[PDB]
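Enquirer: Coordinates in coords36.txt, compact mmCIF, C-alpha atoms, are listed below.
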```txt
# COMPACT_ATOMS: atom_id res chain seq x y z
CA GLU A 1 116.61 65.08 83.62
CA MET A 2 118.66 67.76 85.39
CA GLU A 3 122.29 66.97 84.54
CA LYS A 4 121.78 68.58 81.15
CA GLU A 5 119.78 71.42 82.70
CA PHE A 6 122.90 71.78 84.87
CA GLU A 7 125.28 72.32 81.97
CA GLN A 8 122.67 74.51 80.29
CA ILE A 9 122.70 76.80 83.31
CA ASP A 10 126.49 76.56 83.41
CA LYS A 11 127.20 77.70 79.85
CA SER A 12 124.62 80.48 80.18
CA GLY A 13 126.21 81.39 83.51
CA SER A 14 122.78 81.85 85.07
CA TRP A 15 123.36 80.30 88.49
CA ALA A 16 122.89 83.60 90.33
CA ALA A 17 119.75 84.32 88.31
CA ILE A 18 118.04 81.02 89.15
CA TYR A 19 119.03 81.21 92.81
CA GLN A 20 117.58 84.71 93.08
CA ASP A 21 114.33 83.51 91.52
CA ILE A 22 114.22 80.95 94.32
CA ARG A 23 114.72 83.65 96.96
CA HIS A 24 111.80 85.46 95.34
CA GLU A 25 109.51 82.41 95.26
CA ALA A 26 110.45 81.32 98.79
CA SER A 27 107.63 81.15 101.29
CA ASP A 28 107.05 83.84 103.91
CA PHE A 29 105.69 83.13 107.38
CA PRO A 30 105.57 84.68 110.90
CA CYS A 31 108.42 84.22 113.40
CA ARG A 32 106.71 86.04 116.28
CA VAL A 33 108.10 83.77 118.97
CA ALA A 34 111.62 84.14 117.63
CA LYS A 35 111.24 87.93 117.62
CA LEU A 36 110.16 88.11 121.28
CA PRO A 37 112.57 90.20 123.40
CA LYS A 38 112.65 87.34 125.90
CA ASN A 39 114.41 85.08 123.38
CA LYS A 40 116.90 87.54 121.91
CA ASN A 41 119.87 85.81 123.55
CA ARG A 42 118.73 82.56 121.94
CA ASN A 43 119.46 83.58 118.35
CA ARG A 44 122.75 83.79 116.46
CA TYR A 45 121.82 85.96 113.46
CA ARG A 46 118.86 88.36 113.49
CA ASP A 47 118.04 87.45 109.88
CA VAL A 48 117.81 83.69 110.45
CA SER A 49 114.63 82.80 112.33
CA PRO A 50 112.38 79.70 112.40
CA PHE A 51 108.78 80.00 111.19
CA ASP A 52 106.31 79.65 114.04
CA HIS A 53 104.29 77.01 112.23
CA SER A 54 107.25 74.64 111.97
CA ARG A 55 109.39 75.60 114.95
CA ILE A 56 110.74 73.07 117.44
CA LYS A 57 109.38 73.41 120.97
CA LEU A 58 111.27 72.60 124.17
CA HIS A 59 109.34 70.59 126.73
CA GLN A 60 109.54 73.22 129.44
CA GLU A 61 106.79 75.70 130.37
CA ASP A 62 109.04 78.64 131.28
CA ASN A 63 110.31 79.03 127.72
CA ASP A 64 110.02 76.48 124.93
CA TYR A 65 112.02 78.44 122.40
CA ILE A 66 115.01 77.36 120.32
CA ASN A 67 116.03 78.45 116.85
CA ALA A 68 115.31 75.10 115.19
CA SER A 69 112.72 74.01 112.65
CA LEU A 70 111.21 70.69 111.66
CA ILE A 71 111.47 70.07 107.93
CA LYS A 72 109.07 67.27 107.05
CA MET A 73 109.14 65.92 103.50
CA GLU A 74 105.87 64.05 103.05
CA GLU A 75 106.63 62.34 99.74
CA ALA A 76 110.17 61.37 100.76
CA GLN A 77 108.92 60.22 104.17
CA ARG A 78 111.93 62.00 105.62
CA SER A 79 112.27 64.60 108.36
CA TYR A 80 115.17 66.82 109.44
CA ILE A 81 115.40 69.29 112.28
CA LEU A 82 117.46 72.20 111.07
CA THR A 83 118.96 74.38 113.76
CA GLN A 84 121.55 77.14 114.28
CA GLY A 85 125.03 76.39 115.57
CA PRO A 86 124.60 76.26 119.37
CA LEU A 87 125.48 79.40 121.33
CA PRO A 88 127.37 79.48 124.65
CA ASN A 89 123.98 79.77 126.35
CA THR A 90 122.00 77.35 124.17
CA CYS A 91 123.99 74.11 124.40
CA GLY A 92 121.77 72.80 127.19
CA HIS A 93 118.76 73.61 125.01
CA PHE A 94 120.31 71.96 121.96
CA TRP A 95 120.75 68.67 123.81
CA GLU A 96 117.39 68.91 125.54
CA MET A 97 115.95 69.03 122.03
CA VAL A 98 118.04 66.09 120.85
CA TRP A 99 116.63 64.22 123.84
CA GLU A 100 112.97 65.22 123.64
CA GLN A 101 112.92 64.73 119.86
CA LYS A 102 114.52 61.27 120.20
CA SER A 103 117.21 62.06 117.64
CA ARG A 104 119.72 59.31 116.90
CA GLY A 105 122.40 61.62 115.59
CA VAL A 106 123.71 65.14 115.20
CA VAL A 107 125.10 66.38 111.87
CA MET A 108 127.70 69.16 111.84
CA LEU A 109 129.08 70.68 108.65
CA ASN A 110 131.35 73.37 110.06
CA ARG A 111 134.29 73.75 112.45
CA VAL A 112 133.99 75.52 115.80
CA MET A 113 136.33 78.13 114.40
CA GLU A 114 136.40 79.36 110.81
CA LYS A 115 137.94 82.49 109.31
CA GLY A 116 139.60 83.01 112.67
CA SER A 117 136.16 83.56 114.21
CA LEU A 118 133.72 81.54 116.35
CA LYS A 119 130.99 79.77 114.38
CA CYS A 120 129.35 77.95 117.30
CA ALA A 121 130.07 76.74 120.83
CA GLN A 122 132.12 73.64 121.74
CA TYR A 123 128.97 71.79 122.66
CA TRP A 124 130.39 68.26 122.87
CA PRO A 125 133.13 66.76 125.12
CA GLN A 126 136.51 66.29 123.48
CA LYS A 127 137.86 63.92 126.14
CA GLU A 128 136.34 60.70 127.53
CA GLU A 129 137.40 61.50 131.09
CA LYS A 130 136.15 65.11 131.00
CA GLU A 131 132.41 64.95 130.31
CA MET A 132 130.07 67.94 130.03
CA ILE A 133 127.16 68.78 132.27
CA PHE A 134 124.35 71.01 131.04
CA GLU A 135 123.04 72.23 134.38
CA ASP A 136 120.08 74.28 133.12
CA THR A 137 118.55 71.31 131.26
CA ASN A 138 119.97 68.67 133.63
CA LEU A 139 121.73 66.57 130.97
CA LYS A 140 125.16 64.92 130.94
CA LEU A 141 127.05 64.29 127.73
CA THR A 142 130.02 61.90 127.50
CA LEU A 143 132.43 61.20 124.66
CA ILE A 144 132.50 57.40 124.29
CA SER A 145 134.67 57.05 121.21
CA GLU A 146 135.94 58.98 118.22
CA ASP A 147 136.79 57.97 114.65
CA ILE A 148 138.83 60.71 112.98
CA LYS A 149 139.01 60.33 109.21
CA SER A 150 140.30 62.25 106.21
CA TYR A 151 137.17 64.28 105.41
CA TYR A 152 134.78 63.48 108.26
CA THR A 153 134.86 62.46 111.93
CA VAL A 154 132.20 60.30 113.60
CA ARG A 155 131.80 60.43 117.37
CA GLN A 156 129.92 58.06 119.62
CA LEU A 157 128.45 60.06 122.49
CA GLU A 158 126.31 59.20 125.50
CA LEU A 159 123.54 61.58 126.46
CA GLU A 160 122.02 60.95 129.89
CA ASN A 161 118.85 62.39 131.36
CA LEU A 162 120.11 63.09 134.88
CA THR A 163 116.47 63.53 135.90
CA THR A 164 115.68 59.86 135.21
CA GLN A 165 119.23 58.53 134.83
CA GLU A 166 118.04 57.17 131.49
CA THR A 167 120.87 57.18 128.92
CA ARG A 168 120.87 57.28 125.12
CA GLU A 169 123.57 56.86 122.44
CA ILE A 170 124.13 59.77 120.05
CA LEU A 171 126.13 59.70 116.83
CA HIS A 172 127.90 62.98 116.08
CA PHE A 173 128.70 63.21 112.35
CA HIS A 174 131.18 65.94 111.61
CA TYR A 175 132.16 66.93 108.09
CA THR A 176 135.34 68.90 108.76
CA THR A 177 136.67 69.61 105.28
CA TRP A 178 134.19 72.08 103.84
CA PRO A 179 136.43 74.85 102.43
CA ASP A 180 136.83 78.19 104.21
CA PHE A 181 135.50 79.99 101.15
CA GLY A 182 133.18 78.75 98.43
CA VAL A 183 132.16 75.11 98.14
CA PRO A 184 133.86 71.73 97.58
CA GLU A 185 135.55 71.13 94.24
CA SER A 186 134.05 67.64 94.31
CA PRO A 187 130.87 66.32 95.99
CA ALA A 188 132.60 62.97 96.49
CA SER A 189 133.46 63.63 100.14
CA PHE A 190 130.08 65.19 100.90
CA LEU A 191 128.21 62.36 99.16
CA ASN A 192 130.23 59.78 101.07
CA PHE A 193 129.62 61.71 104.29
CA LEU A 194 125.88 61.55 103.58
CA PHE A 195 125.84 57.81 102.92
CA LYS A 196 127.64 57.25 106.23
CA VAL A 197 124.93 59.22 108.00
CA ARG A 198 122.38 57.02 106.24
CA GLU A 199 124.20 53.81 107.19
CA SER A 200 123.99 54.60 110.91
CA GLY A 201 120.21 54.61 110.61
CA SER A 202 120.17 58.13 112.05
CA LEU A 203 117.90 59.09 109.16
CA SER A 204 115.61 56.07 109.56
CA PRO A 205 111.92 56.32 110.67
CA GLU A 206 112.44 54.39 113.90
CA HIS A 207 114.29 57.36 115.38
CA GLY A 208 113.39 60.97 116.06
CA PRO A 209 114.42 63.57 113.44
CA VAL A 210 118.12 63.98 112.82
CA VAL A 211 119.49 67.33 113.95
CA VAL A 212 121.51 69.23 111.39
CA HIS A 213 123.29 72.52 111.83
CA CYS A 214 126.13 74.86 110.93
CA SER A 215 126.87 78.46 111.88
CA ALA A 216 123.41 79.49 110.71
CA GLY A 217 122.01 76.02 110.00
CA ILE A 218 120.60 76.81 106.54
CA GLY A 219 123.45 77.09 104.02
CA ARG A 220 125.60 73.93 104.25
CA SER A 221 122.91 72.20 106.33
CA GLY A 222 120.53 72.93 103.47
CA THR A 223 122.82 71.19 101.01
CA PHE A 224 122.78 68.12 103.23
CA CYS A 225 119.01 67.80 103.54
CA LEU A 226 118.22 68.87 99.97
CA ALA A 227 120.69 66.36 98.54
CA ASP A 228 119.43 63.47 100.66
CA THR A 229 115.77 64.08 99.81
CA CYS A 230 116.37 64.43 96.09
CA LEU A 231 118.37 61.22 95.87
CA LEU A 232 115.72 59.53 97.94
CA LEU A 233 113.04 60.76 95.51
CA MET A 234 114.91 59.47 92.46
CA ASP A 235 114.83 55.96 93.90
CA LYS A 236 111.18 56.04 94.88
CA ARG A 237 109.67 57.70 91.78
CA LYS A 238 108.77 55.72 88.65
CA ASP A 239 110.41 58.52 86.66
CA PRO A 240 113.70 59.68 88.30
CA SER A 241 114.17 62.42 85.71
CA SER A 242 111.10 64.11 87.18
CA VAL A 243 112.86 65.17 90.39
CA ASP A 244 113.00 68.98 90.24
CA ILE A 245 115.59 70.03 92.82
CA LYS A 246 114.42 73.65 92.65
CA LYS A 247 110.90 72.44 93.38
CA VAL A 248 112.26 70.44 96.31
CA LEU A 249 114.20 73.34 97.77
CA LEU A 250 111.06 75.48 97.61
CA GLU A 251 109.06 72.85 99.47
CA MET A 252 111.78 72.75 102.14
CA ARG A 253 111.71 76.55 102.33
CA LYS A 254 108.04 76.44 103.39
CA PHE A 255 109.55 75.02 106.57
CA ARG A 256 112.69 77.10 107.14
CA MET A 257 113.96 80.24 105.43
CA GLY A 258 117.31 80.53 103.69
CA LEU A 259 118.13 76.88 102.95
CA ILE A 260 121.04 77.20 100.48
CA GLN A 261 122.62 80.63 101.06
CA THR A 262 124.50 81.12 97.77
CA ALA A 263 124.41 80.42 94.06
CA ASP A 264 127.56 78.31 94.30
CA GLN A 265 125.95 76.19 97.01
CA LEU A 266 122.90 75.73 94.80
CA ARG A 267 125.20 74.75 91.97
CA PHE A 268 126.99 72.34 94.28
CA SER A 269 123.69 70.82 95.41
CA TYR A 270 122.89 69.97 91.81
CA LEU A 271 126.36 68.51 91.35
CA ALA A 272 126.01 66.40 94.48
CA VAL A 273 122.63 65.02 93.41
CA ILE A 274 123.67 64.38 89.82
CA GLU A 275 126.79 62.56 90.96
CA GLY A 276 124.87 60.91 93.78
CA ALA A 277 122.22 59.57 91.42
CA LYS A 278 124.99 58.27 89.20
CA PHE A 279 126.49 56.28 92.07
CA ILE A 280 123.11 54.87 93.15
CA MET A 281 121.44 54.15 89.81
CA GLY A 282 123.12 51.02 88.46
```
Could you express the structure from this file as C-alpha cells?
Expert:
Amino acid sequence: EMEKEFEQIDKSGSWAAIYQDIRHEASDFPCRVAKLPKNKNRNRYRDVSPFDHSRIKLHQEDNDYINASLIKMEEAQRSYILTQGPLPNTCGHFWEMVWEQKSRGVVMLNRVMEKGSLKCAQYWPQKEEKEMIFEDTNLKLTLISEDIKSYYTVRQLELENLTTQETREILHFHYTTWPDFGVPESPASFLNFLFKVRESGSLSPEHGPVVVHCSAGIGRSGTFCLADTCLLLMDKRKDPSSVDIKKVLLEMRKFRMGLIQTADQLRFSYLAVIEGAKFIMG
C-alpha cells in the first residue's frame, strides 16, 4: 500500500519534493468575500483565506463572513469545518458558527501561546464560576467540567443562545502537546487524541460538522482531518491498499487551501495513517 511507499520516499529523501508537487497540483479558487476591505479585521493571516464556494456563512444579514471552510468528503461521508484560530474580535463569530452549524465539538491543536507569541484568543472560559458572554452574537459560554490529561485535555462546555435561552453541550478537545517546532516523534498521542474525538460522536452524522482549528487552521488541523478520512476510507474500501493519501489531501484542498503546511507534517500524516491502520486492522 503506502507504508512501503513511505520508506521509499524516506530513503530517497524526497519528502519536500512530493509536498511541493502537491502545492503545485492544489486547486485554485476565488476568495473575493475574504478579500473585501470590510472583513479585513476578520482574518489572521493574509495568505490564508477560505474559497468562496466552500466558505461558512454566518446567519446574519449585516455580514456573514468568517474565515472558515466546509470540507465535505463525499466518499468518506465525513465533513469538517476548518477555521482559523479565533481573533480577539471573532470569538463571538466563532461560537455563532458552532451554534448555527450545530457542531457537537471543537477541536484545538495548539496552545493560546506558542513561541512566546499569541496564536489565538482565549475563546473559552477557564473557570466554572466566571463564564464568558459574547455580546455581539448574544451567546453565553460556560465551563462545565474539565479533564486534564497527559497529552490532551477534554472540556465539557455549555453554549447558550441568549436570544432563545436554548442551551447546547459542546465538547472542547484540546491536544496540548504538539511540539513547539517540527512534529511529534510518535503519532501515538495524536492517533489516540483522534479516537477520543471519534468516541464522543462529535464526528458522527447526527451532529453538525466538527470545528477544527489552530493558529491558521490548515497545518495541524489538516493533519487531523486528513488522517481521520484516510483511516475511515481504509475500513470502508474493499481494497485498503488503494487509499492514496496524496489523492485525499488534494481532494480536501479543493475545499480549503494550505492543508498540511510542511513536508514534515505531510510525512507525519503518512506515519499517523500507517500506524493508525495498523491499530485498526486486526
Enquirer: For stretch 21-25 of chain A, find every residue with an atom within 10 Å (counting all atoms listed in the file), except residues of its own chain fewer than 4 positions away, and show them as a PyMOL selection string.
Expert: chain A and resi 16-17+246-247+249-250+253+257-261
Enquirer: What lies within 12 Å of stretch 130-135 of chain A using only C-alpha atoms, ignoring chain neighbours under 3 positions off, as a list in words?
Expert: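 Contacts, with the query itself left out: residues 88, 89, 90, 91, 92, 93, 94, 95, 96, 122, 123, 124, 125, 126, 127, 138, 139, 140, 141, 142, 143, 144, 157, 158, 159, 160, 161, 162 and 163 of chain A.
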Enquirer: Between atom CA of residue A:193 and atom CA of residue A:275, what distance in Å does the model show, to one decimal?
Expert: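 Separation of atom CA of residue A:193 and atom CA of residue A:275: 13.7 Å.
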Enquirer: Rounded to one decimal, what separation in Å do you get between atom CA of residue A:106 and atom CA of residue A:210?
Expert: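 Calculated distance between atom CA of residue A:106 and atom CA of residue A:210 is 6.2 Å.
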Enquirer: So for stretch 57-69 of chain A, what box centre and size do we get, axis-aligned, 3 Å extra on each of the six sides, every listed atom, Å to one decimal, as JSON?
Expert:
```
{"center_x": 111.4, "center_y": 74.8, "center_z": 122.0, "size_x": 15.2, "size_y": 14.4, "size_z": 24.6}
```
Enquirer: Would you please work out which residue, of A:223, A:155, A:148, A:1, is nearest to residue A:128 when using all atoms listed in the file?
Expert: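 Once distances to residue A:128 are computed over all atoms listed in the file, the minimum belongs to A:155.
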Enquirer: Find the distance between atom CA of residue A:107 and atom CA of residue A:70 and write it in Å to one decimal.
Expert: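 A separation of 14.5 Å between them.
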Enquirer: For stretch 211-234 of chain A, supply N, CA and C atoms and report the output as a short mmCIF file (atom, residue, chain, number, x, y, z; two decimals), in the frame of the given file.
Expert:
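The result, stored in out_24.cif:
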```cif
data_model
loop_
_atom_site.label_atom_id
_atom_site.label_comp_id
_atom_site.auth_asym_id
_atom_site.auth_seq_id
_atom_site.Cartn_x
_atom_site.Cartn_y
_atom_site.Cartn_z
N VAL A 211 119.23 65.92 113.79
CA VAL A 211 119.49 67.33 113.95
C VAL A 211 120.67 67.73 113.08
N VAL A 212 120.46 68.76 112.27
CA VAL A 212 121.51 69.23 111.39
C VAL A 212 121.75 70.69 111.67
N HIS A 213 123.00 71.12 111.59
CA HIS A 213 123.29 72.52 111.83
C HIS A 213 124.59 72.97 111.18
N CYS A 214 124.91 74.23 111.41
CA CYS A 214 126.13 74.86 110.93
C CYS A 214 126.00 76.24 111.52
N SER A 215 126.96 77.13 111.29
CA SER A 215 126.87 78.46 111.88
C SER A 215 125.42 78.92 111.94
N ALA A 216 124.79 79.05 110.77
CA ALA A 216 123.41 79.49 110.71
C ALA A 216 122.42 78.32 110.58
N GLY A 217 122.90 77.15 110.16
CA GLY A 217 122.01 76.02 110.00
C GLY A 217 120.99 76.21 108.88
N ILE A 218 121.47 76.60 107.70
CA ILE A 218 120.60 76.81 106.54
C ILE A 218 121.39 76.68 105.23
N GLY A 219 122.63 77.17 105.22
CA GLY A 219 123.45 77.09 104.02
C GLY A 219 123.93 75.67 103.73
N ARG A 220 125.02 75.27 104.40
CA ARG A 220 125.60 73.93 104.25
C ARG A 220 124.61 72.86 104.69
N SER A 221 123.92 73.13 105.80
CA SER A 221 122.91 72.20 106.33
C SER A 221 121.86 71.96 105.25
N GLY A 222 121.52 73.03 104.53
CA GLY A 222 120.53 72.93 103.47
C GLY A 222 120.98 71.96 102.39
N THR A 223 122.25 72.06 102.02
CA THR A 223 122.82 71.19 101.01
C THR A 223 122.65 69.73 101.43
N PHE A 224 122.89 69.47 102.71
CA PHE A 224 122.78 68.12 103.23
C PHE A 224 121.38 67.56 103.03
N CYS A 225 120.40 68.23 103.63
CA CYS A 225 119.01 67.80 103.54
C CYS A 225 118.49 67.74 102.10
N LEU A 226 118.68 68.81 101.35
CA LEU A 226 118.22 68.87 99.97
C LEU A 226 118.75 67.69 99.15
N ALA A 227 120.05 67.44 99.26
CA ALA A 227 120.69 66.36 98.54
C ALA A 227 120.12 65.00 98.92
N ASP A 228 119.96 64.75 100.22
CA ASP A 228 119.43 63.47 100.66
C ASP A 228 118.04 63.21 100.09
N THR A 229 117.15 64.18 100.28
CA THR A 229 115.77 64.08 99.81
C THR A 229 115.64 63.84 98.32
N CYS A 230 116.41 64.59 97.54
CA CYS A 230 116.37 64.43 96.09
C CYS A 230 116.81 63.05 95.64
N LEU A 231 117.89 62.55 96.24
CA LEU A 231 118.37 61.22 95.87
C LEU A 231 117.30 60.22 96.26
N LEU A 232 116.75 60.41 97.45
CA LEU A 232 115.72 59.53 97.94
C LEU A 232 114.53 59.51 96.97
N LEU A 233 114.16 60.67 96.44
CA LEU A 233 113.04 60.76 95.51
C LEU A 233 113.31 60.06 94.18
N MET A 234 114.55 60.10 93.72
CA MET A 234 114.91 59.47 92.46
C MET A 234 114.87 57.96 92.52
#
```
